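2 protein chains.
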Amino acid sequence: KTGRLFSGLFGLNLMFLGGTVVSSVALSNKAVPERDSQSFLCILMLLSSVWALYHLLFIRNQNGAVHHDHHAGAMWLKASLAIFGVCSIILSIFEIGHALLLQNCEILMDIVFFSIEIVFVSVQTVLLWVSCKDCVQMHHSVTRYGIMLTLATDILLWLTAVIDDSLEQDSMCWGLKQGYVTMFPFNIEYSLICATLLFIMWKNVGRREXXXXXXXXXXXXXXXXXXXXXXXXXXXXXXXXXXXXXXXXXXXXXXXXXXXXXXXXXXXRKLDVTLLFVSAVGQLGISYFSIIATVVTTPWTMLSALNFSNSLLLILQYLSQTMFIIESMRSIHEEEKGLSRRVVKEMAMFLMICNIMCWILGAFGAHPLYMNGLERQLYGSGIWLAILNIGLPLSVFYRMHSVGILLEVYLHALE
Amino acid sequence: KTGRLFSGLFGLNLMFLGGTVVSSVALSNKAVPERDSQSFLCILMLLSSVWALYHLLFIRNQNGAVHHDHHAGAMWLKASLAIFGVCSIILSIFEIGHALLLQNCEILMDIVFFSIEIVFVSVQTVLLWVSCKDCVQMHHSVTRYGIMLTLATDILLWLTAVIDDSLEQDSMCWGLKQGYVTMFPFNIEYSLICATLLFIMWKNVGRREXXXXXXXXXXXXXXXXXXXXXXXXXXXXXXXXXXXXXXXXXXXXXXXXXXXXXXXXXXXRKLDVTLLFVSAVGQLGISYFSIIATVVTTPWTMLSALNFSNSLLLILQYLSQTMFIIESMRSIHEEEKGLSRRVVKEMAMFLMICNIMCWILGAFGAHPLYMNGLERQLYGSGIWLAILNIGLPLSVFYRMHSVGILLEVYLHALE
Numbered sequence: 109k110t111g112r113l114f115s116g117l118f119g120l121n122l123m124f125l126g127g128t129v130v131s132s133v134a135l136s137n138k139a140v141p142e143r144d145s146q147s148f149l150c151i152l153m154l155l156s157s158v159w160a161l162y163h164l165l166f167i168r169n170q171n172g173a174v175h176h177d178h179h180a181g182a183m184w185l186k187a188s189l190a191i192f193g194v195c196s197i198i199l200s201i202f203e204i205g206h207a208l209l210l211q212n213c214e215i216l217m218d219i220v221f222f223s224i225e226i227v228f229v230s231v232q233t234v235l236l237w238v239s240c241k242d243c244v245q246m247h248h249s250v251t252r253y254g255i256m257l258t259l260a261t262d263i264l265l266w267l268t269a270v271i272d273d274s275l276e277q302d303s304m305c306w307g308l309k310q311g312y313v314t315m316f317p318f319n320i321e322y323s324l325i326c327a328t329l330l331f332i333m334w335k336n337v338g339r340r341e358x359x360x361x362x363x364x365x366x367x368x369x370x371x372x373x374x375x376x377x378x379x380x381x382x389x390x391x392x393x394x395x396x397x398x399x400x401x402x403x404x405x406x407x408x409x410x411x412x413x414x415x416x417x418x419x420x421x422x506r507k508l509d510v511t512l513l514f515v516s517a518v519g520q521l522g523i524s525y526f527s528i529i530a531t532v533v534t535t536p537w538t539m540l541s542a543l544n545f546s547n548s549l550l551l552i553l554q555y556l557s558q559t560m561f562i563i564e565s566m567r568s569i570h571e572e573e574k606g607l608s609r610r611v612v613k614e615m616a617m618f619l620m621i622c623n624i625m626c627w628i629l630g631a632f633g634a635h636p637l638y639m640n641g642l643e644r645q646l647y648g649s650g651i652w653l654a655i656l657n658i659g660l661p662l663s664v665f666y667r668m669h670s671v672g673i674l675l676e677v678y679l680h681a682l683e
Numbered sequence: 109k110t111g112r113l114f115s116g117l118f119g120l121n122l123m124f125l126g127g128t129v130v131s132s133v134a135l136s137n138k139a140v141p142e143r144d145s146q147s148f149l150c151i152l153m154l155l156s157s158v159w160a161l162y163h164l165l166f167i168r169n170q171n172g173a174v175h176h177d178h179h180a181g182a183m184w185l186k187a188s189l190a191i192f193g194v195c196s197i198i199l200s201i202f203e204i205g206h207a208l209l210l211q212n213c214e215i216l217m218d219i220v221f222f223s224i225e226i227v228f229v230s231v232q233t234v235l236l237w238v239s240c241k242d243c244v245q246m247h248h249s250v251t252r253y254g255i256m257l258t259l260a261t262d263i264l265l266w267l268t269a270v271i272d273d274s275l276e277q302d303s304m305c306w307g308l309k310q311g312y313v314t315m316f317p318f319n320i321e322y323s324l325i326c327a328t329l330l331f332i333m334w335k336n337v338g339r340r341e358x359x360x361x362x363x364x365x366x367x368x369x370x371x372x373x374x375x376x377x378x379x380x381x382x389x390x391x392x393x394x395x396x397x398x399x400x401x402x403x404x405x406x407x408x409x410x411x412x413x414x415x416x417x418x419x420x421x422x506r507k508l509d510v511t512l513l514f515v516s517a518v519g520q521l522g523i524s525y526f527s528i529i530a531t532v533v534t535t536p537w538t539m540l541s542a543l544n545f546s547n548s549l550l551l552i553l554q555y556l557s558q559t560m561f562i563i564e565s566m567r568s569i570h571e572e573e574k606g607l608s609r610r611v612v613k614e615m616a617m618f619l620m621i622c623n624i625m626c627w628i629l630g631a632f633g634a635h636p637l638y639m640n641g642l643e644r645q646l647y648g649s650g651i652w653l654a655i656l657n658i659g660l661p662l663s664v665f666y667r668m669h670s671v672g673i674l675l676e677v678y679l680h681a682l683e
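In structure tokens form, the structure reads like this:
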């Protein structure tokens with residue numbers, strides 16, 4: 109415990125000293141240059157990678173790393189790491205080609221920068237796939253320092269990717309860049325998954341006592373290229395269809411979990510429940526901003542109320558699905574010490621399909637808020653784009669975390 | 109527990125719907141007017157007050173409110189509520205006189221606004237003094253709704269006070309206003325104390341099983373008027395003396411707790510430890526912003542390094558004092574199941621004096637960052653002033669929370 113605090117304050121101080129540098133570039137833009145946020149990030153990343161090799165080769169293979177058979181983080185948290193990691197590779201690959209085939213500008217600073225991120229992701233997703241379930245017993249003092257070095261590295265990468273001035277508006305430059313970067317950012321989503329995996333490992337250090361993997365990263369490159377197919381195939391009726399797909403999918407979902415919560419009344506792990514509540518920003522903060530943004534517009538179009546009906550319906554699906562999960566999760570833990609079970613079984617099976625239908629349209633779909641333009645006229649586009657890059661990766665992470673709890677109550681009902 | 113979640117999601121949704129309104133005024137400033145942040149706040153406040161009377165008269169006086177004798181929040185958390193509450197009254201009293209004795213402008217919207225805040229504070233500090241230690245058993249469903257209504261009311265008051273455009277720069305208008313509002317804001321500090329008192333009560337609802361008070365609010369009005377005496381008595391040598399007082403007080407404090415942490419090595506409640514870590518922003522976020530802000534200035538004055546030495550010394554007093562508290566707090570909890609004790613006793617006695625010396629200079633002292641002007645030239649003054657109103661009330665709350673733990677280890681050492 110004493111080594112945990114001696115690692116904790118080093119872990120707390122480092123991200124504050126890191127997050128100061130990457131923010132002060134954005135607050136001033138004139139005195140401090142753009143290279144010091146990046147140079148510091150690269151140096152921090154290099155040392156985090158060589159620890160991961162040192163933990164892999166010379167530490168884990170020795171005797172004294174106790175396996176955690178029981179829960180230790182499940183398959184989807186490993187799988188969504190594997191999917192969202194390799195899409196961040198291609199997004200850096202498509203970036204680094206643009207830097208080469210470019211007008212006469214700065215050379216080799218960003219090119220040496222993005223190449224290290226290709227190294228840093230690739231060695232980290234290997235580590236977290238292997239060391240997801242380990243409980244280290246041999247060298248406590250270096251591993252507790254080694255994790256918080258990597259944990260502080262990701263949060264700065266999350267903070268650097270949020271505050272990004274996309275100053276928008302040549303036969304090969306335009307088609308490679310303009311229809312491309314209007315996507316769901318993947319390196320942000322990769323940063324949250326490595327954040328929520330390193331913390332469970334850091335909590336569980338010093339605790340007393358291949359044909360099914362190659363299909364994930366193979367088909368994801370077709371799914372990542374499917375995202376580019378949507379933006380390169382471009389309306390007031392197409393976006394009306396784009397808002398129709400999210401409306402028609404979640405329509406029965408509000409009617410589903412409402413009856414499901416009532417059956418838990420007629421019938422009568507600790508880190509999981511907070512991860513459901515931090516995700517409230519992705520479905521309440523981004524929506525209430527838009528509901529106000531349709532009300533105080535003057536003309537009241539026939540699709541402004543379509544935008545208002547979308548964001549209001551997003552709130553009700555949140556508050557129905559959340560209470561269904563926790564009332565089910567209490568209904569399993571108490572069973573340590606009927607046809608209503610058929611109601612719970614038929615309900616969780618329906619929710620798992622629509623959440624996946626929401627997730628693929630969420631991540632590998634259109635970025636629907638640059639197409640929106642209503643609140644982009646109301647709020648400033650330089651600061652409204654920051655609110656998208658906080659909530660939209662949180663909302664997608666809300667789905668992949670919720671599906672795994674729904675699979676647990678489905679399996680518990682059928683057995 | 110089920111009524112707790114049914115109160116929790118109502119409590120979570122309300123502050124997001126509230127915090128959306130008060131922020132969207134600040135992001136646009138043109139479509140939404142200034143009155144709707146305020147009108148909504150006033151309506152929310154009125155309903156929170158009449159619950160507090162209803163809990164006071166008709167609920168607590170009935171049988172079935174179990175006293176918590178043991179800890180339940182101690183005297184200083186009640187006392188700092190009593191001090192910082194009544195200074196918020198005079199700050200609203202001095203505001204409402206300026207609104208009357210004023211140029212021809214808007215009438216009676218702000219005047220009806222600030223009068224309700226005089227009501228809302230005064231009925232709340234009566235309630236939290238009385239109901240600090242109660243564990244309600246009679247009407248669970250209304251009290252869990254009643255607390256989260258008041259808890260969401262304070263956080264919007266914390267958020268409204270942060271985002272405030274002080275567009276600075302008549303024989304009775306100037307001396308009443310200009311030397312006055314450059315103070316440590318008290319209504320922000322009042323909001324945090326009511327936040328950390330309502331949450332312990334909300335956690336402890338439904339748990340199974358006057359001559360020493362009049363001196364606080366009496367002498368605080370002399371101390372609040374002592375704050376106005378400093379700004380109305382006004389240099390490059392005076393601010394050099396102002397930075398000298400903070401330097402000379404915390405100088406031995408870094409040398410104190412360093413030797414104190416070593417004696418805990420030579421010798422060999507759960508909500509308290511997180512409140513020590515949220516307070517890191519008040520002593521690390523505001524300092525690292527300034528250390529960069531002295532480095533990238535060109536001329537390197539003979540007092541720029543004085544400003545750099547101040548903020549660097551603030552970090553080392555944080556990391557010395559924090560590990561001393563937790564290593565002492567573990568050293569008391571383990572004693573359920606020597607002259608080194610004289611080292612701990614002489615150390616905690618010295619720290620309690622300098623923290624109080626830091627606190628009075630912290631709260632009832634000069635606001636040293638409007639006098640600073642260095643980073644006000646580097647960062648924008650419209651957004652640097654927001655960072656002061658996050659960290660400076662957190663840093664003052666860090667002191668009053670730390671003193672009470674130091675009094676506990678001092679009493680435990682002497683007995």
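Line by line, the protein sequences are chains B and A. Quick note, the first sequence lines up with residues 109 to 277, 302 to 341, 358 to 382, 389 to 422, 506 to 574, 606 to 683 if you use the deposited numbering. Quick note, the second sequence lines up with residues 109 to 277, 302 to 341, 358 to 382, 389 to 422, 506 to 574, 606 to 683 if you use the deposited numbering. Here a beta-carbon is modelled for each residue, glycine too, at the ideal position from N, C-alpha and C.
In the DSSP annotation of this structure, the continuous segment of the beta strand (DSSP E) that includes residue 242 of chain B starts and ends at 242-244. Residue 533 of chain A sits in coil when the DSSP states are folded into three classes, being neither helix nor strand. A check of alpha carbon separations from residue 662 of chain B across B/242, B/518, B/229 and B/198 identifies B/518 as the nearest. Residue 327 of chain A is outside the set of residues whose beta carbon lies under 7 Å from a beta carbon in chain B. Below 8 Å, enough C-beta pairs join the region 236-247 of chain B and the region 164-181 of chain B to call them touching: three or more. Note: residue 173 of chain A is bridge-paired with A/244 in the DSSP secondary-structure output. A residue is called buried when at least 16 other Cβ atoms come within 10 angstroms of its Cβ; residue 219 of chain A does not meet this threshold and is exposed. In this structure, the alpha-carbon of residue 237 of chain A lies about 30 Å from that of residue 567 of chain A. Take residue 333 of chain A, set aside five residues on each side of it, and the residues of its chain with a beta-carbon closer than 8 Å to its own are 239, 240, 242 and 255, in chain order.
Closest in alpha carbon position to residue 657 of chain A, among A/257, A/320 and A/148, is A/320. For residue 128 of chain B, at least one C-beta of chain A is nearer than 7 Å to its own C-beta.
For residue 303 of chain A, the three-state secondary structure derived from DSSP is coil.
For the region 625-647 of chain B, the set of residues with a beta-carbon nearer than 7 Å to any beta-carbon of chain A comprises 646 and 647, in chain order. A Cβ-Cβ distance of about 6 Å is found for the pair residue 549 of chain A and residue 528 of chain A, placing them in contact under the 8 Å criterion. Put simply, the CB of residue 140 of chain A is near chain B, with a gap under 7 Å to one of its CB atoms.
Boundaries of the alpha helix (DSSP H) around residue 149 of chain A: 143-163. Taking C-beta separations shorter than 7 Å and ignoring five residues to either side along the sequence, the partners of residue 672 of chain A in its chain run 182 and 184, following chain order.
Taking a C-beta distance under 7 Å as the contact criterion, residue 225 of chain B and residue 200 of chain B qualify as a contact pair. Identification of chain B residues near residue 270 of chain A by a Cβ-Cβ cut-off of 8 Å yields none; the smallest Cβ-Cβ distance measures about 16 Å.
In the three-state DSSP reduction, residue 522 of chain B falls in the helix class (H, G or I). Closest in C-alpha terms to residue 157 of chain A, from the list A/227, A/144, A/116 and A/627, comes A/227. A residue is called buried once 16 or more other Cβ atoms fall within 10 Å of its Cβ, and residue 266 of chain B is buried on that count. Under the Cβ criterion of 7 Å, residue 263 of chain B is not counted among the residues facing chain A. In the structure shown, the three-state DSSP call for residue 511 of chain B is helix.
Here the alpha carbon of residue 132 of chain A sits roughly 20 Å from the alpha carbon of residue 542 of chain B. Around the beta carbon of residue 669 of chain A, 16 or more other beta carbons sit within 10 angstroms, so the residue counts as buried. Annotated as distal: residue 327 of chain A and residue 302 of chain A, with beta-carbon spacing of 7 Å or more.
Judged by DSSP secondary structure, residue 681 of chain A falls within the alpha helix (DSSP H) whose first and last residues are 649-682. When Cβ-Cβ separations below 7 Å define contact, residue 673 of chain B makes no contact with chain A.
Relative to residue 533 of chain B, the option among B/129, B/202 and B/642 whose CA is nearest is B/642. For the pair residue 202 of chain B and residue 634 of chain B, the Cα-to-Cα distance works out to about 18 Å.
Residue 259 of chain A has its alpha-carbon roughly 7 Å from the corresponding atom of residue 330 of chain A. Here residue 268 of chain B is buried: its Cβ has 16 or more other Cβ atoms, across all protein chains shown, within 10 Å. Look at residue 533 of chain B: its C-beta is under 7 Å from a C-beta on chain A. In the structure shown, residue 625 of chain A adopts helical secondary structure according to DSSP, grouped into three states.
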